[PDB]
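Two forms of the same protein chain are encoded below as structure tokens; each is given separately, as structure 1 and structure 2.
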Structure 1
């Protein structure tokens, strides 16, 4: 019923449902930061960082009565374990900021 602590997989990574300028067009804009790790698959991960504390209004200015907040997602990555070994990995859980959204400080009634 439960997945074992250690599994053997084949060499094929099956792509499912995979394959823009939102970081600038968003009212909660963000910047992307490169995270490279040769011990990791994917080796390069792009991390979002909210550009402002506030959000962009209709005039194109920062309104601090609203907030730019990250949308964070738990993803699984491969880490070569031991680091010098080509075919053994640790399935590693990391929290990634994918982008930012604009929020009211509280849920509005």
Structure 2
């Protein structure tokens, strides 16, 4: 979905694959601005764009260079920005 471009806190996606890291298809979400884009399309700095991060499971060989069964490692990946305020409403 095109939420990345139409959100108040828009984000850009950055694909990656380290020599041993699997899967290859992982687009890391990075916030466009410090502030948020108000209804008038301007950036307001009394609000902040923050990336929502998810703890999940990714494929990794140990010992390396193996095309079989092994133990999978940890992965910390931001998947989308949101607009926060210092106030708990």
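Whichever C-alpha set is largest while still superposing within 1.5 Å between the two forms counts as the rigid core. Positions refer to the first chain, counted from 1.
Residue 63 shows a C-alpha shift below 2 Å between the two structures [criterion: core-superposed Cα displacement of 2 Å]. Relative to the superposed core, residue 87 undergoes a Cα shift smaller than 2 Å between the two structures. The rigid-core alignment places the CA of residue 39 2 Å or more apart between the two structures. Taking the rigid core as reference, the CA displacement of residue 76 between the two structures comes to 0.5 Å.
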